[PDB]
Amino acid sequence: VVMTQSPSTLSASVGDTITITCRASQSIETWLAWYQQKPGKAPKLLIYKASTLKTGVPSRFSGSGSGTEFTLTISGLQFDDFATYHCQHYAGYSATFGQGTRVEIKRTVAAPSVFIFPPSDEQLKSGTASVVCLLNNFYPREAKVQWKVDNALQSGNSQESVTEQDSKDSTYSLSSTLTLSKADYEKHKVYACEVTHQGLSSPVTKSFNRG
Amino acid sequence: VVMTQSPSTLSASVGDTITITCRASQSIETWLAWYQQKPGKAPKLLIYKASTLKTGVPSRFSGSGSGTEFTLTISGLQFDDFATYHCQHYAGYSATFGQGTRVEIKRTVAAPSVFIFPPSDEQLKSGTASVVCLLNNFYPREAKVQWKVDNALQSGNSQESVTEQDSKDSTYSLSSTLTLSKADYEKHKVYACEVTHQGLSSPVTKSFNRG
Amino acid sequence: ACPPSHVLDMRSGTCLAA
Amino acid sequence: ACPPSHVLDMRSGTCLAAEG
Amino acid sequence: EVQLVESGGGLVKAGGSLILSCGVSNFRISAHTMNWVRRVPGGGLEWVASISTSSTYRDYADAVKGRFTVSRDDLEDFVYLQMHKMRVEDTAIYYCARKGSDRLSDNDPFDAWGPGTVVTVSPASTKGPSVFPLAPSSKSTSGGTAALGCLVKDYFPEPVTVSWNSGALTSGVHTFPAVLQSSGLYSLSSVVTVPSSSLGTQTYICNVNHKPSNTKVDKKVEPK
Amino acid sequence: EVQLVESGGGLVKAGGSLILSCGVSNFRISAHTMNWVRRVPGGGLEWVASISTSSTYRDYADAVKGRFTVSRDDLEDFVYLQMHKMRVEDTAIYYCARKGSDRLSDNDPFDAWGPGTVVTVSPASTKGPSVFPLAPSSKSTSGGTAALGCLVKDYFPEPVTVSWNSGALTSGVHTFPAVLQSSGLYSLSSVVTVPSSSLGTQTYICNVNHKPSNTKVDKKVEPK
């Protein structure tokens, strides 16, 4: 049994009435549960048996459905309600989950502002090279950072971090860190950062040369 | 219940008949086992209930005693029999061991040859300084190495390794590595290695300056 | 999933000895 | 150590139930 | 024949946790008291913990009492050892061993041991960070908006507080979630966007505070 | 009220093992089927494994079947998760959760969850070593005996094979036991003593072989 949650991302405003649908690959009766989850926290149980509200959970949440189609409804979104929502089928000793639905605050599309930073001479002197690419104030969240060293595309030598929606302008920011050893950094001239995003009609490259 | 094994190091020759003793703090009846352990392996059971030789174990092993004093006897040492031996008291659901006896091939006292190596330019350029002190072909095993930088004694930034007795001359060799960051290595002129051993009447020091 | 010699009864959601 | 209301019987080598 | 095999060892920082399991070959554990033993660098052995048959009683060494937990799984023949708030002297080779012999009796020695798993506890329970500046470009996108910041590398554990100009600058500042490096240490970046014109007059200092290591660092950031 | 707490998480290299454990507060597990669930960096949840009351049945997800093992300790209220032959895709936050609710029934959801423990698996299961020479001091203990060698740094895992002059030079050589550095990588050195007079003609090379990473390095060792 495979749960198909829909959509992956829902953009809404404060006070809106929104609905998420979970699709089952086969009949499930009413053995469905809905969970809420905030970044870096444990999933909270909201609704079970398709439509039973767990006590303590605010009554603006409700679920309904049977068989293959199920629907979760939040009647009047509050700031507290922006999180991820997970559907789940449970039976016997197993459980299965949907992709999850991230609910975010709606605003206009915003292109990233790309900045590239060369590693400091102090860090280079100690033997390590950290090249930082910043993607500033963009929306929506889905963005791609690609590292190119002398036009050769990089794999598995970088890590990235993403902020939560900005409390002021509801934008996201990304930070990517290409890490290389001093010697391997000396081997190449041009260090580039390639960014793909929805608000960019075509990708944006930013680069510098070693000195 | 506290167990006291003796001696810590037993120095002997092939064919010898040697004895290890183990003294319990209080009466222990005959509840005692002896174990053999070769470096990097599991302890093997030899003798239990003071004097019961485990099946498979060679008959040249034998134990005795009762109450507070127990003795292990090896009648006609083989090359295979050079290892560490442990006494154990077992009662109830717990157990308690002795300090251990290491059995080694006896030869004449031999003072170490001491060598100090500077870190290579290649490693220095990468950001790490490794200073190696070598103690070559010495007996017995106990030999204390002390790193000194500008006459300040070092602690907790070095690691050492020791070989097993040599097949030809039955000697030990020791290698100690002082690890420092490039930046810390530049801060000091004189890097010293001070060696204390039974062979040397006076502590021997080898040193070098950065270039 | 269920143990061997058991099947899942969707209506009740429990394993059943078949 | 032994479980509660048991002592170490050295002769036996086991934790025995005891009262006192 | 009768075999045991431990897994779970590695490197642990002091105060940290680590769990060991121990599976077996060619016998059932349910008949035996199971034991954890450790060989320290000094050379000797130390009895660590034990469970009786069907978990009736668990016994611990004084030095580990309160910190370690021993559990057993009779149905699938496994033994566990939870190690919490780890001390440097916990560094040792850990063996699981069974209480038994050729002719089983009321009181038996340890007739079978696993090969052992290495456990090393690092003295450094905490490590302060290095703060490298992310210098802004003095020539990029005209007299508009420029971005600068601080890269905070190689600290343990979480978290770090980053403020700008002693907390006076809040507008347009982004402190990024920490990232765990393959080295086992954390690294975050903090950035701020400011007008390009303010570069040639206003100085920018980021205040990094890492409570765990008691490390406070200020970093002046200026164009190259 | 009802609480769970996980521990055991950390960094593992591919192929390695990690054991997780889950303790509870204010309820008894013997009344519940216990579950392991993980959150992938993608965002969504995967059900990992379950263990039925009094261990009657253990169930695993297809992705972890054959590599993971779930255990329970009803007397001390612990659940364990053994993870073996670990892959990169096993990188996730790990939660234990109980099957239950306000009114316990035949088919309950997961009403209580631990906060999660981070588990991350690095792609590199193997790392080749770096070889630095230990150059002999050309002006020290006269024209008698000199010592030289190789330093083998930062390799994972063990072992490493060292031989001198393609195995021709065997007399006087000592290869030292490897040492585990706090970086998690191993390091050993291999030395040899030779006549001082041979230094100005006889060249010395060490043959460093590391089978795990398929690395073979030769190193010329000569006086500065």
# chains A, B, ... in the order shown; residues from 1 in each chain; ligands from 1

call {"tool": "select_by_dssp", "arguments": {"residues": "range 4-185 of chain F", "states": "strand (DSSP E or B)", "output": "PyMOL selection string"}}
result
chain F and resi 4-7+10-13+18-25+34-39+45-51+58-60+68-73+78-83+92-99+110-113+117-122+127+130-134+145-156+161-164+169+173-175+179-180

call {"tool": "residues_around", "arguments": {"residues": "residue 37 in chain F", "least_positions_apart": "3", "cutoff": "9 Å", "atoms": "only C-alpha atoms", "output": "VMD selection string"}}
result
chain F and resid 45 to 49 93 to 97

call {"tool": "atom_distance", "arguments": {"atom1": "CA of residue 56 in chain E", "atom2": "CA of residue 9 in chain F"}}
result
29.1 Å

call {"tool": "select_by_dssp", "arguments": {"residues": "range 7-209 of chain A", "states": "helix (DSSP H, G or I)", "output": "PDB file with C-alpha atoms, in the first residue's frame"}}
result
ATOM      1  CA  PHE A  79       0.841  31.376  11.877  1.00  0.00           C
ATOM      2  CA  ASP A  80       1.243  28.301  14.119  1.00  0.00           C
ATOM      3  CA  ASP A  81      -0.133  26.069  11.347  1.00  0.00           C
ATOM      4  CA  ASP A 121      44.074  33.962   3.682  1.00  0.00           C
ATOM      5  CA  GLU A 122      44.177  32.872   7.338  1.00  0.00           C
ATOM      6  CA  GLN A 123      42.241  29.642   6.686  1.00  0.00           C
ATOM      7  CA  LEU A 124      44.275  28.991   3.539  1.00  0.00           C
ATOM      8  CA  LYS A 125      47.451  29.324   5.662  1.00  0.00           C
ATOM      9  CA  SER A 126      46.173  26.635   8.066  1.00  0.00           C
ATOM     10  CA  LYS A 182      44.963  23.770   0.290  1.00  0.00           C
ATOM     11  CA  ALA A 183      46.869  21.813  -2.385  1.00  0.00           C
ATOM     12  CA  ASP A 184      43.778  20.913  -4.450  1.00  0.00           C
ATOM     13  CA  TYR A 185      42.655  24.550  -4.315  1.00  0.00           C
ATOM     14  CA  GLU A 186      46.032  25.546  -5.826  1.00  0.00           C
TER      15      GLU A 186
END

call {"tool": "calpha_fit_rmsd", "arguments": {"fixed": "chain A", "moving": "chain B"}}
result
0.3 Å

call {"tool": "residues_around", "arguments": {"residues": "residue 169 in chain F", "least_positions_apart": "6", "cutoff": "10 Å", "atoms": "only C-alpha atoms", "output": "JSON, numbers by chain"}}
result
{"F": [163, 192, 204, 205, 206]}

call {"tool": "write_last_selection", "arguments": {"atoms": "N, CA, C and O atoms", "output": "PDB file, in the first residue's frame"}}
result
ATOM      1  N   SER F 163      56.922  -2.372   3.027  1.00  0.00           N
ATOM      2  CA  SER F 163      58.160  -3.103   2.773  1.00  0.00           C
ATOM      3  C   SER F 163      59.181  -2.133   2.199  1.00  0.00           C
ATOM      4  O   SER F 163      58.809  -1.114   1.614  1.00  0.00           O
ATOM      5  N   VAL F 192      63.850   2.056   9.633  1.00  0.00           N
ATOM      6  CA  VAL F 192      64.971   1.148   9.388  1.00  0.00           C
ATOM      7  C   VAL F 192      66.295   1.817   9.771  1.00  0.00           C
ATOM      8  O   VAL F 192      66.492   3.013   9.534  1.00  0.00           O
ATOM      9  N   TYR F 204      66.904   4.679  -0.582  1.00  0.00           N
ATOM     10  CA  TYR F 204      65.938   3.917   0.202  1.00  0.00           C
ATOM     11  C   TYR F 204      64.496   4.308  -0.116  1.00  0.00           C
ATOM     12  O   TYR F 204      64.108   5.469   0.038  1.00  0.00           O
ATOM     13  N   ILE F 205      63.712   3.328  -0.563  1.00  0.00           N
ATOM     14  CA  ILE F 205      62.291   3.526  -0.866  1.00  0.00           C
ATOM     15  C   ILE F 205      61.433   2.574  -0.023  1.00  0.00           C
ATOM     16  O   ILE F 205      61.793   1.410   0.164  1.00  0.00           O
ATOM     17  N   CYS F 206      60.311   3.078   0.492  1.00  0.00           N
ATOM     18  CA  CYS F 206      59.338   2.235   1.184  1.00  0.00           C
ATOM     19  C   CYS F 206      58.095   2.019   0.328  1.00  0.00           C
ATOM     20  O   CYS F 206      57.614   2.947  -0.325  1.00  0.00           O
TER      21      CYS F 206
END

call {"tool": "closest_atom_pairs", "arguments": {"of": "chain E", "to": "chain F", "cutoff": "10 Å", "atoms": "only C-alpha atoms", "output": "tab-separated table"}}
result
residue	atom	partner	partner_atom	distance
E:7	CA	F:17	CA	7.0
E:8	CA	F:18	CA	5.7
E:9	CA	F:18	CA	8.4
E:10	CA	F:184	CA	8.1
E:11	CA	F:184	CA	6.9
E:12	CA	F:182	CA	9.3
E:13	CA	F:182	CA	9.4
E:16	CA	F:8	CA	9.1
E:17	CA	F:8	CA	6.2
E:18	CA	F:8	CA	5.4
E:19	CA	F:19	CA	5.5
E:20	CA	F:19	CA	6.4
E:21	CA	F:19	CA	6.9
E:54	CA	F:75	CA	9.8
E:55	CA	F:75	CA	7.7
E:56	CA	F:75	CA	8.9
E:69	CA	F:76	CA	9.2
E:70	CA	F:76	CA	9.6
E:71	CA	F:73	CA	6.7
E:72	CA	F:73	CA	7.3
E:73	CA	F:71	CA	6.6
E:74	CA	F:55	CA	9.8
E:75	CA	F:55	CA	7.7
E:76	CA	F:71	CA	8.3
E:78	CA	F:71	CA	8.4
E:79	CA	F:71	CA	9.7
E:80	CA	F:80	CA	8.4
E:81	CA	F:19	CA	9.8
E:82	CA	F:21	CA	7.9
E:83	CA	F:8	CA	9.2
E:84	CA	F:7	CA	9.1
E:120	CA	F:182	CA	8.8
E:121	CA	F:182	CA	9.1
E:122	CA	F:182	CA	6.9
E:123	CA	F:182	CA	9.7
E:124	CA	F:182	CA	9.7
E:180	CA	F:120	CA	9.0
E:181	CA	F:11	CA	9.2
E:182	CA	F:122	CA	6.9
E:183	CA	F:183	CA	6.6
E:184	CA	F:11	CA	6.9

call {"tool": "residues_around", "arguments": {"residues": "range 6-9 of chain D", "least_positions_apart": "2", "cutoff": "12 Å", "atoms": "only C-alpha atoms", "output": "CSV table (one decimal) with C-alpha atoms, in the first residue's frame"}}
result
chain,number,residue,atom,x,y,z
B,1,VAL,CA,36.7,-8.9,47.0
B,27,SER,CA,38.5,-16.3,51.5
B,28,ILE,CA,37.3,-17.3,48.0
B,29,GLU,CA,37.0,-21.1,48.4
B,31,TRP,CA,36.4,-20.1,42.8
B,90,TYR,CA,33.7,-15.5,39.9
B,91,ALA,CA,30.8,-15.7,42.3
B,92,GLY,CA,27.1,-14.7,42.1
B,93,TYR,CA,26.5,-12.6,39.0
B,94,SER,CA,29.7,-10.6,39.1
D,1,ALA,CA,26.4,-7.7,44.6
D,2,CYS,CA,23.4,-10.0,45.0
D,3,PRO,CA,19.6,-9.2,44.4
D,4,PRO,CA,17.7,-7.9,47.4
D,11,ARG,CA,30.8,-22.2,49.6
D,12,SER,CA,28.1,-22.5,47.0
D,13,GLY,CA,29.4,-19.7,44.7
D,14,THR,CA,25.8,-18.5,44.2
D,15,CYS,CA,23.4,-15.8,45.6
D,16,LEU,CA,21.2,-17.6,48.1
D,17,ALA,CA,18.0,-16.4,49.7
D,18,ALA,CA,18.5,-15.4,53.3
D,19,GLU,CA,16.5,-13.9,56.1
D,20,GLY,CA,17.7,-11.8,59.0
E,57,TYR,CA,19.0,-9.3,38.0
E,106,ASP,CA,25.9,-23.7,39.6
E,107,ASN,CA,28.9,-21.4,39.4

call {"tool": "residues_around", "arguments": {"residues": "residue 3 in chain C", "least_positions_apart": "3", "cutoff": "9 Å", "atoms": "only C-alpha atoms", "output": "ChimeraX atom specification"}}
result
/C:6-7,15 /F:56-59

call {"tool": "interface_residues", "arguments": {"of": "chain B", "to": "chain E", "cutoff": "12 Å", "atoms": "only C-alpha atoms", "output": "count of residues only"}}
result
56

call {"tool": "residues_around", "arguments": {"residues": "residue 207 in chain A", "least_positions_apart": "5", "cutoff": "9 Å", "atoms": "only C-alpha atoms", "output": "list in words"}}
result
residues 115, 116, 117, 190, 191, 192, 193 and 194 of chain A

call {"tool": "write_last_selection", "arguments": {"atoms": "N, CA and C atoms", "output": "tab-separated table (two decimals), in the first residue's frame"}}
result
chain	number	residue	atom	x	y	z
A	115	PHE	N	25.85	35.68	-4.24
A	115	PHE	CA	27.15	36.22	-3.88
A	115	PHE	C	28.14	35.06	-3.75
A	116	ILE	N	29.38	35.29	-4.17
A	116	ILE	CA	30.44	34.29	-4.03
A	116	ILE	C	31.60	34.83	-3.20
A	117	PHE	N	32.10	34.01	-2.28
A	117	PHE	CA	33.15	34.43	-1.35
A	117	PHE	C	34.38	33.55	-1.45
A	190	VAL	N	39.62	29.33	-11.91
A	190	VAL	CA	38.28	29.90	-11.79
A	190	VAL	C	37.33	29.04	-10.95
A	191	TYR	N	36.77	29.65	-9.91
A	191	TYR	CA	35.82	28.99	-9.01
A	191	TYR	C	34.42	29.60	-9.14
A	192	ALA	N	33.49	28.81	-9.69
A	192	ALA	CA	32.16	29.32	-10.04
A	192	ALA	C	31.02	28.70	-9.23
A	193	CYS	N	29.93	29.44	-9.14
A	193	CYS	CA	28.70	28.99	-8.51
A	193	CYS	C	27.54	29.18	-9.49
A	194	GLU	N	26.89	28.08	-9.88
A	194	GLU	CA	25.75	28.13	-10.81
A	194	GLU	C	24.42	27.91	-10.09

call {"tool": "closest_atom_pairs", "arguments": {"of": "chain C", "to": "chain A", "cutoff": "6 Å", "atoms": "only C-alpha atoms", "output": "CSV"}}
result
residue,atom,partner,partner_atom,distance
C:1,CA,A:94,CA,5.7
C:13,CA,A:91,CA,4.8
C:14,CA,A:92,CA,4.8
C:15,CA,A:92,CA,5.6

call {"tool": "write_last_selection", "arguments": {"atoms": "N, CA and C atoms", "output": "PDB file, in the first residue's frame"}}
result
ATOM      1  N   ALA C   1       2.505  -5.599   7.351  1.00  0.00           N
ATOM      2  CA  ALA C   1       2.763  -7.064   7.235  1.00  0.00           C
ATOM      3  C   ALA C   1       2.261  -7.832   8.458  1.00  0.00           C
ATOM      4  N   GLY C  13      -8.292  -4.203  10.571  1.00  0.00           N
ATOM      5  CA  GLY C  13      -6.918  -3.714  10.619  1.00  0.00           C
ATOM      6  C   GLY C  13      -5.958  -4.587  11.411  1.00  0.00           C
ATOM      7  N   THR C  14      -6.435  -5.749  11.855  1.00  0.00           N
ATOM      8  CA  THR C  14      -5.629  -6.674  12.653  1.00  0.00           C
ATOM      9  C   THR C  14      -5.247  -7.901  11.830  1.00  0.00           C
ATOM     10  N   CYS C  15      -4.194  -8.594  12.265  1.00  0.00           N
ATOM     11  CA  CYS C  15      -3.812  -9.878  11.680  1.00  0.00           C
ATOM     12  C   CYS C  15      -4.818 -10.964  12.054  1.00  0.00           C
TER      13      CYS C  15
END

call {"tool": "closest_atom_pairs", "arguments": {"of": "range 102-164 of chain E", "to": "range 211-215 of chain E", "cutoff": "8 Å", "atoms": "only C-alpha atoms", "output": "Markdown table"}}
result
| residue | atom | partner | partner_atom | distance |
| --- | --- | --- | --- | --- |
| E:126 | CA | E:213 | CA | 5.6 |
| E:127 | CA | E:213 | CA | 5.9 |
| E:128 | CA | E:213 | CA | 5.3 |
| E:129 | CA | E:215 | CA | 7.8 |
| E:156 | CA | E:212 | CA | 7.9 |
| E:157 | CA | E:212 | CA | 7.0 |
| E:158 | CA | E:212 | CA | 7.8 |
| E:159 | CA | E:211 | CA | 7.9 |
| E:160 | CA | E:211 | CA | 7.4 |
